[PDB]
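One structure is given here, and the rest of the page talks about it.
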Amino acid sequence: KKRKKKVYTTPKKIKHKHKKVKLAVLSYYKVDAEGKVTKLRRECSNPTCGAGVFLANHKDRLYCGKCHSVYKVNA
Amino acid sequence: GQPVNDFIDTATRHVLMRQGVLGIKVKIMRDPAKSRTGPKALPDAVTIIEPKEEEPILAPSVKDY
RNA sequence: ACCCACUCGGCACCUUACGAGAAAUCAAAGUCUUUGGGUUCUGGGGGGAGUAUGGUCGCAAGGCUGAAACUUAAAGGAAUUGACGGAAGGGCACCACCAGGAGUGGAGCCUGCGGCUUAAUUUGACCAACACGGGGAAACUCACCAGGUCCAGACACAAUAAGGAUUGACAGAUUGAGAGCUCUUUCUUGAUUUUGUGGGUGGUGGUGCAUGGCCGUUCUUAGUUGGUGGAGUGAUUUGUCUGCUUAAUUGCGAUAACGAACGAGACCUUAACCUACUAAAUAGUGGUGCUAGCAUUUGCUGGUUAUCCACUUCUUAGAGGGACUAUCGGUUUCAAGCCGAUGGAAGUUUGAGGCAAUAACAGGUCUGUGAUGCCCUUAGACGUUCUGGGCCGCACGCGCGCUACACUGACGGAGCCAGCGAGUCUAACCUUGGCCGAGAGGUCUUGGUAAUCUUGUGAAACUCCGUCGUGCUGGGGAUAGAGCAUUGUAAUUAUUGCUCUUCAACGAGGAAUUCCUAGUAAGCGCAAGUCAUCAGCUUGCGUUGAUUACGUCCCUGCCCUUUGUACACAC
C-alpha cells in the first residue's frame with residue numbers, strides 16, 4: 001500500500017467565528033429622565049428560561065436562545 | 001513432561017530500551033526435596049533403603065515369659 | 001635341495017618416532033637459529049607466458065634458449081568442521097514406495113488465490129501461501145473509495161479577553177441528512193476556551209530486512225553439551241564407539257576415557273477391566289411393596305424417598321487394584337533382546353494424545369496488544385465518527401471442498417438406535433406442551449443458571465414393505481420466474497427458510513496427483529466455534545464398518561558411519 005497526495009475537488013470551508021456585538025445589552029433596556037428602567041424584549045413563559053432571557057426579535061418569531069423556544073406576537 | 005508443570009516456573013518481561021524492546025525470560029527449577037505440596041522428587045529418581053543386615057546366630061534360643 | 005646361525009651387497013617391508021616437518025607424513029624429508037662434510041642444477045606472489053622477438057637444432061611437427069608492456073590481492077599448500085555426491089555400508093518413513101482402498105484432476109456449484117476491470121474492488125501470505133489470518137465482511141467489523149462532522153490540541157509560555165477569550169441554538173437557505181457544517185436576521189453562555197510558539201496525543205500509516213512475544217519449519221527424527229583426563233602447534237577430536245539390539249545416543253557390551261547434564265524414556269491426560277470399597281430422588285434396579293390400566297394363570301405398564309422398603313449389575317466419581325511382555329517353548333555368542341502359544345479386560349511403548357533438547361530460518365505476524373524503536377502524518381488529519389458504495393465485480397488460470405453420474409438406487413409408508421456439547425435476570429438464552437398454518441413460521445404458556453429441563457437431543461446412513469424399471473429415466477438439481485415468512489435500523493448486488501414451476505452439464509472423468517495399516521480407511525449424521533440471520537468450513541463426537549500388507553529401499557526423503565570435494569551464499 002502506497003499513499004498519494006490528497007487532492008480535493010471542492011474548495012476549503014472556513015469555520016464559524018463568534019459574531020462580535022459590542023455592548024449588546026444596552027439595546028435591551030431603556031430608562032427615562034426619571035430613572036425607571038424597562039425591558040425592550042419579552043421573556044420566556046417557560047419557567048426554566050430565565051426572567052432576563054430576552055427573547056430575540058426576528059422577522060416573524062421570538063426566539064429564546066437558551067430554551068430554543070419560538071413564540072409569536074399574536075400569541 | 002509434567003515435572004515442568006511441577007518444578008519449573010517462568011516469567012517473561014519486556015524491557016523498554018532507547019533502541020527498542022528487549023525480551024527477558026527467567027526460568028527457575030526449584031529443588032524437589034523442599035516444599036510441602038505434590039511430589040517431593042523427580043519421577044525417575046529411585047532411592048533404596050539400606051538393609052542394615054546383621055550377623056547370623058548359631059544357637060536356637062527361647063525367651064519365655 | 002632344505003634347516004639353523006652369521007656376514008657383505010640389493011629390492012623393499014613392519015613398529016616407533018628420541019629427531020624433523022605447515023601438516024600430510026618421513027628411517028630420511030634426522031644429525032638444521034646449538035644454523036658450515038663436498039659439489040652440481042633450479043625458484044623468488046598470481047597472471048600476461050613458455051607468449052612475442054632474436055638465435056640455434058630439425059625434412060616437418062616442433063625442441064632448446066626466452067622477454068617486456070600491461071594487469072591483479074591474492075593465487076597456492078596441508079589439515080579441521082559442516083554441507084553435498086547420478087559414492088559405499090547399516091537402519092528407517094504410507095507427509096516414500098509395494099499390495100490395495102477411498103479418491104482428487106473431468107461436470108455444476110461453494111470458497112480462497114492470481115489476473116482483468118474499477119472510484120475502490122483494503123490487505124498479509126506464494127513442502128513450510130491459496131474454507132489460512134480463527135478472514136462464514138448488508139451497517140459495524142474496515143484497514144479501501146465519494147463526501148460531510150468533531151478535537152478526544154494534555155501541559156507551559158506569549159497574545160486576546162467580563163467594555164466579553166469563548167460555547168450552543170429556533171426557523172429558512174444549504175446539505176444525503178431534522179450535522180446551527182456554513183450562511184441569513186440575534187438570543188444564550190461565560191474564562192472552562194481562542195490565536196501563535198514549543199511540546200504532546202492518536203494512527204489496521206511504513207518498516208517482520210530495526211525489534212519483543214508467540215507460532216511454523218528445519219525435524220518426528222535421535223539428537224545435543226560441560227568438567228577432569230588423553231590426542232593435536234592449531235582449527236578441532238575423544239568421551240558421544242566395531243558388533244548385536246531397540247521406536248529411541250534404548251541397552252548388552254567394547255573402551256584414552258571417567259563421571260555427568262539435556263533430549264528419548266520416565267511423567268501427565270484420556271480410552272478399555274474391577275459382581276471388590278465409599279455412596280447417591282440431579283443415576284438406576286427390584287419388592288402378586290402401595291395405588292391404578294389393559295389382555296388372562298402373570299405378561300406389559302402408569303405414580304413411586306414428594307405415595308414406602310431394600311440394593312449398587314448397569315450410570316456417576318473419589319480411594320485403590322490391575323500388566324511387569326507374566327508362564328512355557330524356541331533362538332542369539334552367555335547378554336541385551338526377538339519370535340510363538342497359553343492365561344488374561346488389556347501383551348504394537350496396551351491405544352491416542354499433552355509436554356518436548358541444542359543450533360537455527362533475514363520463515364510469518366508492526367492488521368491481537370495501553371509490546372515496541374525509528375521514519376511519516378497530526379485539524380482540508382493517515383486521528384475519531386456519520387451516510388452511501390466496495391471487499392461478492394468477470395474473456396480467463398490454479399488450490400481446498402460440496403452435490404452427483406443411479407437398481408449395492410430414487411421416491412413413499414412404516415420400523416427405529418448414539419456420543420461429544422451448550423443454554424437466560426450484568427435479560428430475552430436452550431425451549432417441552434397446547435392452538436393456528438400445506439410449509440417455513442406465528443401465538444399462549446411451561447421447565448431449565450442445569451446428571452434435574454430442552455433431551456432418550458426417537459440424528460443420519462441403516463432395516464422392512466411398496467412404487468419405479470436401464471429410458472439422462474421418478475438419476476442429478478445447476479440456472480431462472482412468481483409468491484409467502486423470519487433475523488435485523490436497513491435484505492436491492494437475491495441474508496436465510498418455505499411453496500409451485502423451468503430441469504443445464506454430468507453416463508465414473510488425460511497427463512497427472514493426495515490420504516491411509518484396525519474399530520483404522522470409507523460411508524453417515526450430530527454438537528460446539530463463528531453467530532442478530534447465514535456452515536458446502538473447521539474442532540470434536542458417535543453410528544455402520546472393508547479390501548490389502550505386516551515388507552522394501554525402486555521413487556521421494558530422514559538418521560548414523562566411511563569416503564571424495566576446486567562447495568562454506570554451502571549443488
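No hydrogens, no waters, no symmetry mates; every other heavy atom, side chains included, goes into these values. A, B, ... follow the sequence lines: proteins, then strands. Residue 1 opens every chain.
Here A/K19 lies in heavy-atom contact (under 4.0 Å) with sugar-phosphate atoms only. At the heavy-atom level, B/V4 lies nowhere under 4.0 Å from the strands shown. Within the 4.0 angstrom heavy-atom criterion, no nucleotide atom of any strand lies near A/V21. Note on A/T10: a base of the nucleic acid sits closer than 4.0 angstrom, heavy atoms only. Residue B/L16 is in sugar-phosphate contact alone, with no base atom involved, counting any heavy-atom pair closer than 4.0 Å across all strands shown. Here A/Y28 lies in heavy-atom contact (under 4.0 Å) with sugar-phosphate atoms only. Looking at heavy-atom distances under 4.0 Å, A/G52 makes contact with sugar-phosphate atoms alone, never a base.
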Practice task
Starting from the C-alpha separation in whole Å, work towards a yes-or-no answer on side chain to side chain contact (heavy atoms under 4.5 Å, CB included) for B/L16 and B/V21.
Solution key: CA-CA 5 Å; B/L16 271 296; B/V21 166; 4.1 Å; yes
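The bases C/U499 and C/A482 are paired, Watson-Crick or G-U wobble, with both atom distances under 3.5 Å. Pairing check for C/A549 against C/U233: the two fail the Watson-Crick or G-U wobble geometry, since the two atom distances are not both under 3.5 Å. By the Watson-Crick or G-U wobble test, with both distances required under 3.5 Å, C/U513 and C/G103 count as a base pair. Between C/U530 and C/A235 there is no base pair of the Watson-Crick or G-U wobble kind with both donor-acceptor distances below 3.5 Å.
Distance, B/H14 NE2 to C/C214 P: 8 Å, rounded to whole Å. The separation between A/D60 atom CG and C/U186 atom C1' is 14 Å, rounded to whole Å. Look at NE2 on A/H68: it is 11 Å from P on C/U189, rounded to the nearest Å.
In this model, the phosphate group of C/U377 is not approached by any side-chain N or O of A/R3 to a distance below 4.0 Å at OP1 or OP2.
When distances run from any side-chain atom of A/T9 to the nucleotides C/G147, C/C382, C/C267, the shortest one goes to C/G147. The listed nucleotides are C/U189, C/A266, C/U149; the one nearest the side chain of A/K66 is C/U189. With C/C267, C/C187, C/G163 as the candidates, the nucleotide lying closest to the side chain of A/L23 is C/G163. When distances run from any side-chain atom of A/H58 to the nucleotides C/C170, C/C187, C/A371, the shortest one goes to C/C170. Taking every side-chain heavy atom of B/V21 into account, C/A371 is the closest of C/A371, C/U182, C/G205. Comparing C/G205, C/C145, C/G164 by their nearest atom to the side chain of A/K22 picks out C/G164. Candidate nucleotides C/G163, C/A169, C/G168 were compared by shortest atom distance to the side chain of A/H18, and C/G168 ranks first. When distances run from any side-chain atom of A/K13 to the nucleotides C/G148, C/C170, C/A165, the shortest one goes to C/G148.
Comparing the P positions of C/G133 and C/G368 gives a spacing of 12 Å, expressed to the nearest Å. When the P atom is compared between C/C407 and C/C515, the two are found 31 Å apart, to the nearest whole Å. The separation of C/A512 from C/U493, taken at their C1' atoms, amounts to 39 Å, rounded to a whole angstrom. Annotation: C/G223 and C/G239 have their P atoms spaced 14 Å apart (nearest Å). Across the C1' atoms, C/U218 and C/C97 are found 24 Å apart, a figure rounded to whole Å. Comparing the same atom, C1', in C/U479 and in C/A522 gives a spacing of 33 Å after rounding to whole Å. Remark: the separation of the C1' atoms in C/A222 and C/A356 is 13 Å, to the nearest Å.
Within the shown strands, C/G466 is the pairing partner of C/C411 under the Watson-Crick or G-U definition, both distances less than 3.5 Å. With a 3.5 Å ceiling on both atom-pair distances, C/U7 lacks any Watson-Crick or G-U wobble partner. With a 3.5 Å ceiling on both atom-pair distances, the Watson-Crick or G-U wobble partner of C/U316 is C/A279. With both pairing distances under 3.5 Å, C/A478 is matched to nothing as a Watson-Crick or G-U wobble pair. Nucleotide C/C328 is matched to C/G340 when pairs are restricted to Watson-Crick or G-U wobble geometry with both distances under 3.5 angstrom.
In terms of heavy atoms, A/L55 sits closest to A/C64 at CD2-CA, 3.6 Å. Minimum heavy-atom separation, B/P32 to B/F7: CB-CE2, 3.6 Å.
Using the sign of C1'-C2'-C3'-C4' as the criterion, C/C407 is classed as a south pucker. C/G409: sugar pucker north (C1'-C2'-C3'-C4' torsion positive).
A heavy atom closer than 4.0 Å to some atom of RNA chain C occurs in B/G23, B/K25, these being the qualifying members of residues 22-35 of chain B.
Shown here, C/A546 is classed syn by the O4'-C1'-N9-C4 or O4'-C1'-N1-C2 angle, which is within 90° of 0.
Interface remark: the A/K59 side chain does form a donor-acceptor pair with the C/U185 base, using a distance-only criterion of under 3.5 Å. Remark: the A/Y63 side chain and the C/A169 base include a donor-acceptor N/O pair separated by less than 3.5 Å.
Rounded to the nearest 0.5 angstrom, A/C44 SG and A/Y63 OH are separated by 11.0 Å. The NZ atom of A/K5 sits 14.0 Å away from the CZ atom of A/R3 when rounded to the nearest 0.5 Å.
Counting only N and O atoms by type, the side chains of A/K6 and A/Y8 include no donor and acceptor under 3.5 Å apart.
Remark: C/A256 and C/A257 are not stacked on each other (six-membered ring centres under 5.5 Å, interplanar angle under 30° not both met). Base stacking of C/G164 on C/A165: absent by the 5.5 Å centre and 30° plane cutoffs. Using a cut-off of 5.5 Å between ring centres and 30° between planes, the six-membered base rings of C/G58 and C/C59 fail to qualify as stacked.
Each of A/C64 and A/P11 lies near RNA chain C, and the nucleotide nearest A/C64 is the one positioned closer to the 5' end.
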